[PDB]
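Working notes for the structure below.
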Amino acid sequence: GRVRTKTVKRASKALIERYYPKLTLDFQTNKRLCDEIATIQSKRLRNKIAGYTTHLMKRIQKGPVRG
Amino acid sequence: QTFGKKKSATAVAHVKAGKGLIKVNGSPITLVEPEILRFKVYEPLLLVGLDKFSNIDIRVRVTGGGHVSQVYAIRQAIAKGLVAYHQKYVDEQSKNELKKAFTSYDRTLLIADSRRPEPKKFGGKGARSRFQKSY
Amino acid sequence: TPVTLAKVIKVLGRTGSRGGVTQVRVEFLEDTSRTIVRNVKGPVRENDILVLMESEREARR
Amino acid sequence: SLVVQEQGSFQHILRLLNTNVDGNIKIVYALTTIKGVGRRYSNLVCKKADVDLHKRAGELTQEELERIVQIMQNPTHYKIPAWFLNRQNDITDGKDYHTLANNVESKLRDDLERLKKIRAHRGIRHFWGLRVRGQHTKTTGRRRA
Amino acid sequence: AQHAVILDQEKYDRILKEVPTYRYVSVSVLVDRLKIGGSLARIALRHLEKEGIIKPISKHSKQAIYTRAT
Amino acid sequence: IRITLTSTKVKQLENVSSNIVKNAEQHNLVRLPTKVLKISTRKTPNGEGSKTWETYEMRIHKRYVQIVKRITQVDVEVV
Amino acid sequence: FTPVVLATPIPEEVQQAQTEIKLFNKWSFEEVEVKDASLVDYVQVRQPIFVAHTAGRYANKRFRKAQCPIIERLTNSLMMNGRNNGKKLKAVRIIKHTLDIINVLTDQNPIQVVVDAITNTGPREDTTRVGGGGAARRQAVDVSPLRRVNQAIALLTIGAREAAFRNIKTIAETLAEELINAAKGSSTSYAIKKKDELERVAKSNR
Amino acid sequence: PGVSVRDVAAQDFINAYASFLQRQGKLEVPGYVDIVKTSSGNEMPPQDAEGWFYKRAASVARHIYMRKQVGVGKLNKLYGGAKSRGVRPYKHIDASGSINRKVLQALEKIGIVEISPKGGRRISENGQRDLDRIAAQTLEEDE
RNA sequence: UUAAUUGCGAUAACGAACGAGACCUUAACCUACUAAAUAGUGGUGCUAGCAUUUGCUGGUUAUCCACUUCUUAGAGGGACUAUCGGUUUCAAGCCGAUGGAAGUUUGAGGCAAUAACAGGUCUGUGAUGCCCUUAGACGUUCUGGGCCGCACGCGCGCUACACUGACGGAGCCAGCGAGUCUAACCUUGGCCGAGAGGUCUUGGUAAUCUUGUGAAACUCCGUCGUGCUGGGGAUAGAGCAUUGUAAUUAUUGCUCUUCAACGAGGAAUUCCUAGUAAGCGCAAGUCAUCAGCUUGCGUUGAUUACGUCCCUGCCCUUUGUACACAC
Ligand SMILES: [Mg+2]
Ligand SMILES: [Mg+2]
Ligand SMILES: [Mg+2]
Ligand SMILES: [Mg+2]
Ligand SMILES: [Mg+2]
Ligand SMILES: [Mg+2]
Ligand SMILES: [Mg+2]
Ligand SMILES: [Mg+2]
Ligand SMILES: [Mg+2]
Ligand SMILES: [Mg+2]
Ligand SMILES: [Mg+2]
Ligand SMILES: [Mg+2]
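Chains as they are written, first to last, in my numbering: chain H, 1 to 67; chain W, 68 to 202; chain P, 203 to 263; chain E, 264 to 408; chain F, 409 to 478; chain D, 479 to 557; chain L, 558 to 763; chain U, 764 to 906.
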C-alpha cells in the first residue's frame, strides 16, 4: 500500500544533493520549502517528495544513505 | 454556532446568554419520541453539569437524513454547543472539562461520524454486490 | 469436570488446508512452568486465556 | 372491554343460505364463508344493520340477521351504493344484483355460457381451459392435472 | 389441544388460581397453562389490570408484562 | 443593474466575474450550484458481452447608464 | 440527590438516575462479574450505556468488537433471517422488554443472567475438518476466548428465532425463556443443547 | 404556564383531545363515512369507523398550527401509505381526496382553519386560541 | 519488499518508451478570505395564541439594520502513513500508538499497455467490398394479423408461506434528479367524486415554481390468535374510469366479488468484508399509455473474516514434452 515510487525517490534525493544547505527533520517546513525551488504539479505529489526527503533527513544524521 | 451531523442530517444551535428552555425543532427536547432514543439526546449533560442552563442558548432544528441520523445529529449540535460558549467565554478549562467528560464517553458527540454511503456501480444493486450468474 | 486453564504465550502460526487454525504455545498460570502447543479455532492473540479438556496431549497440522 | 360470562346461547354449526358457519369464530369473517360475501361487503352490511362488531358469532337472533339476508339480497334499497356490487348493470335485465351463495357460480355460468355459445373469444377460450385474461402462456402455469 | 375463546369457569377460576410460584403473567402464560385461547386473554390482561393482582411493569403495545402481588 | 452569467468552462466564466467587480469601481463606485447533466448509456454499440455502463457529464456553472451599454462588450445575459 | 429544573420541565425521574450515579436508565449497569476467567477482557460492562444503540465503527479494524458494549453486541444478532434486516429500533425494544421479562423471575439485575448464560454457553472444545475429503479425519481443536462468545450469541438468538416462529409466545418471551436456563445446568435450552452437542469426540480426538 | 401545542407530545394530545370534538358535537361529518378507506392505496375501511374523523381533524389542525399553510393534496400524500399492489412492488399511493377536503371544509365551519390570502389554508384567527387551550388541560394532569 | 516489473538490493549489462503509479473525477473538514429574496439564521417594525415580568410557540410574501455557523461555489488549506515506539537484516518496508475530518493507495470511480479472438455488431450510421433484388420490387406506402400463440426444460427477477407479522388509525424523516413558445412539459391551491379520476384557476424555461418532492421500510396506539387464518393474492366474474385514429388476445388505474399453489425449498448454485450485506422506497432512461427491467440516489443498518492454497483460478521462476490446429 505504502511504497513510494522512483518519481519521489529520485526527486526526493534530487534535492538533498543541492540543498543540504538548509532542509530539516520537520515535514511541514520542507512542504513549503519544496514548491519554492521545485515545479511539482499536485499537492499530494509534493507532500510525498517532502514526506520522503524529510524521511531521508530523519535518518541522514546516522550514516549517509546510498547515493 | 455549532454543527451537528450523522449522514445528511444536520443540526444547528447558537452561542450567547440564554433562557432555560431547550428547544428541539420547535417542540422542546422534553419528548422527541423516537421513543427510547430519548436517552441518546439526554446523554451529554449527565457526566457533569446537571443545571444552571437557564442562561443557556439551545434552539435546535434538524433537516435531512431520517429518524436516527437526526437523533445523532442533534447530540452533535448540543454537546458541541456547551464547549462553544467555553472558547473565549466562561473559562476554557471548562472546555477541557466537558470535551474531557463528553469525549471520554464519546458516542459521536464532539467529532462527526465520518461514515458516508458508497456510490453504486453497475451490474448490481449495490456498491459492492453483483447480479446473479449463470454458466 | 476435568478442565484446566491456559493463556497463550505466542502464536506459532497457521496450519489447516483452508488456513483457519492457529498454532499457539501456552501455559497454566500459577507456578507457570507449562508449555504445550495446541491448535485453536476462532481468532486468538496474546494473553488470551482459554480452556482445555485434557491438560496435555496436544496435536499439530 | 372487560369480561362477561353469558349463558349457553352460543353455537358452532349454524346454517344460513345453504352454508354452515363456525360459531367460535369472530363475526365479520365467518360471513366470508359465503361466496359473494367478501370482507369489504361483509364489514359494511353488519354495521348498516346495527350490530356490535366486538361480538363473536355465537350471539344474535334470526331477525337480527334476517336484518342481513333481506339487506344482502335487496341492498339497492339500503343506502349502500352501486359500486359495492359484484353484479351491477347486469346484461340480462340491466338491474343491479349481488350474486350470493349459489348465485355466484350460476350467474358466472351464464356469463361464460353467454360467451361460449356466442363463440366469442373469451367464450371458446374459456371452453379450452386457457387463460382468458391475455397473460403469457408459455412460461407459466403448468403442473395442474 | 384445540383451545377456547370464551369465559365460562372450569379451570377459569384457575384464572383466579392465578399467581403463586409462577410470577410473570401475560397472554402467552394464559393460553399455555392447559387453558384458554389468547384473544380474550388481552381484555383479561386489561381486566385484571383494572383491579387485580397483576401490576404493569411494561408500558408497550406488543407485550404486556404483569407480576404477582409483589 | 443586475447580471446573470453562465457557461460550462469556469475560467472565462470567472474572467468576466472579476472583470465586472472591477468595472464595479469604474468611477470608485458601488455562485449558483453547478448543474451536472448525466447521460448514462451502454459502451457497446450492439448487445454483446459484459453489460457495461458509462455515464457522461455536462458541467453547467451559473453566477450573479452610458457605462451600462459599454460593459457587455461564455454566455452573456443581463436584466 | 440534586433535584433541579429549568424553563423546560425536566422530568424528575431522569435527573435522579444518571447524575446521581451514572447508571443505565433503569437497570443498574454497575458491578456485575463474569464467572469465567477467560472472558476477562472479552466483555464490555462498565463503561455503562443508557440505551443499546451506540452506533459505532466496530468492524473496519479487526478485534474491536471486543470493546463494543457487550449488550449492544447481542441486540445486533437479532435483526436477521432477512426480513428484520435494518431495524435496530425493533431490536432494542425486545431487549429492554426481555430484561424485566427476566426480572419478573427472581430479581437482581438481568444484565448478568445473560452473561451468566454465555459462559456456560461457550463450547470449550470443538471438532473440524482435516485436509482429507470424504475419508477426512475430524481432529479436535480447542475453541477461542472470543469465538466462545461470538457463537454463543448467534446460538442464543437462533433458538429464540425459530421458537417464536409460529408459536403463540412472543420473541421477547422466547429468548427470555431461553437466556434464563443457560445461567447454569440448563439441560432444556437450545444453545446449551448445541454447545453440549458440539463437544463431540472432543477430548478423544485431541 | 404559557403553553403552545409544541410543548405537548403528539400522540396523546392529537388523540385524547380529538375526543373533545366528540364531546361537543359541532360535527358536520360527510355521512359517506361507513363507506371509505381513506385511500385506494390501502384495502380495508378504517378499523373503528366510529370516529377517526376527529383523529383526522385533530391531525390536520396540529400540522396546520405547527406550520403556515396547508393544501388538500398534501393531505393525500401524508396519510396515504403503500398500496399492496399484489404480486408487484409496493408503491407510495396518495390518500382519499374527498375525505381530506371535507375536513379542511368542516374546520372553518368551527373556526379553526382560515383560507390563506396566498392560497392554501392558514391556521385561523381563533384556531391559534383553542388549540393551545387543550394543552394545559392535558399537561396539568400528566406530569 | 509492495496491490503493483512497486521499491530496496543484487547484477554482462547500461541507459531508455509505453502499462502500474502519477494523473482527472466525486466523497469526507474548513468558525481561514472573497461573499449572497433564487441560501439561511439572529434582531427589529406589525399581528395572532398561551401564562403573565414580558416567558413559550408561531405569523410576519421589504417590516429596516446587522451576521455568512448551517447552504451554495470560487481561491485555497489540509494527510505526508506526520510523530513516538516495536521492527527490521544496512535498507525498502511492515506492525502498534498518540494525534486527526481524515491513516485498507484515506473511501469509491474515470483512464489504462504489447500481442491477440476468424469473439460480437453489415438489425445504429447517408460507414462499407462483393453477391442477390430493382416494377407482379427484397424499394416504399396502406389495411389487417404476428413478434405475446402452450403437453413441456432452463436463465435473470417480482411477490409470499406470516405473531421481529397483517391490518387500522397515528407519528413523521431523505437524497440524486427531470420539466412548455412554430407550445400544451412539471403541476401547487380552490371545489366535485368512495376511488380511479374529473375541473376552474395557479406558479415555474426552474438553487425561486411543482418540492421540505410530508417516499417507503420505519415509529407510538389498537384490533386479530395458530390452523392455510384476518398469512397469501394467483385465477376468474361484474361494473366504473384513463391513454390513444384504434384496447378484442383484459394497455394501465379503481370498486366489489372469486380466494389456487406456497406449511421455508433435493442434488446443485450466485453475490458479498463497512455506512458494506441485506431490508426499504424515490428519481432518471424507456414513455401517448404500461415496470415485476436497468442507470443512480438516499433512509434503516447487522452477523462474519482482516486468513489459506483445499476447490475454482491468475502471476513469476525452475522442470519434462512425441504438443505448435498448442491437453
Ligand atoms: Mg454446466
Ligand atoms: Mg399514514
Ligand atoms: Mg405514510
Ligand atoms: Mg488491456
Ligand atoms: Mg464467428
Ligand atoms: Mg447492407
Ligand atoms: Mg420478443
Ligand atoms: Mg443475466
Ligand atoms: Mg392480505
Ligand atoms: Mg403499520
Ligand atoms: Mg462461483
Ligand atoms: Mg430493458
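Every residue, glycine too, gets a C-beta built ideally from N, C-alpha and C.
Proximity test, Cβ basis, 8 Å: residue i and chain F
i: E:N352; result: no
i: E:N365; result: no
i: E:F273; result: yes
i: L:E754; result: no
i: L:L713; result: no
i: L:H654; result: yes
Reduced DSSP secondary structure (H/G/I, E/B, other) of residue i
i: D:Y534; result: strand
i: W:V99; result: coil
i: L:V600; result: coil
i: U:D893; result: helix
i: U:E813; result: coil
i: residue 537 of chain L; result: There is no way to answer for residue 537 of chain L, as the model of chain L reaches only from 558 to 763.
i: L:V670; result: coil
i: H:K48; result: helix
i: F:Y474; result: strand
When the options are compared against residue i, the one with the closest alpha-carbon
i: W:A80; options: W:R195, W:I145, W:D180, W:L165; result: W:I145
i: W:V82; options: W:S136, W:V157, W:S75; result: W:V157
i: L:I725; options: F:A477, F:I414, F:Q471; result: F:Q471
i: D:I545; options: D:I498, D:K516, D:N524; result: D:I498
i: U:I875; options: U:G765, U:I798, U:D895; result: U:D895
Residue i to residue j span [Cα, whole Å]
i: E:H340; j: E:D356; result: 18 Å
i: L:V700; j: L:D683; result: 6 Å
i: W:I141; j: D:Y542; result: 34 Å
i: W:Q199; j: P:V205; result: 48 Å
i: L:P568; j: F:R476; result: 29 Å
i: U:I873; j: U:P809; result: 24 Å
i: E:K370; j: L:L712; result: 58 Å
i: D:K500; j: D:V556; result: 17 Å
i: U:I827; j: U:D811; result: 25 Å
i: P:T237; j: L:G689; result: 29 Å
i: U:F816; j: L:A616; result: 50 Å
i: U:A781; j: L:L635; result: 38 Å
i: U:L838; j: U:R864; result: 9 Å
i: L:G639; j: L:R718; result: 12 Å
Residues near residue i in its chain [Cβ-Cβ closer than 7 Å; skip 5 each side]
i: U:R819; result: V866
i: E:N283; result: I276, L277
Cβ of residue i within 8 Å of any chain E Cβ
i: F:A452; result: yes
i: F:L415; result: yes
i: F:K458; result: yes
Residues near residue i in its chain [Cβ-Cβ closer than 8 Å; skip 5 each side]
i: U:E877; result: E871, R884, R885, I886, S887, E888, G890
Beta carbon proximity, residue i to chain D, threshold 8 Å
i: residue 16 of chain W; result: Nothing about residue 16 of chain W can be reported from this structure: the residues present for chain W run from 68 to 202 only.
Any chain W beta carbon closer than 8 Å to residue i
i: U:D905; result: no
i: L:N707; result: no
i: L:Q624; result: no
Any C-beta of chain P under 8 Å from that of residue i
i: L:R763; result: yes
8 Å Cβ cutoff, residue i in contact with chain L
i: P:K243; result: yes
i: F:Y420; result: no
Residue-level contact to chain U via CB, residue i, 8 Å cutoff
i: W:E102; result: no
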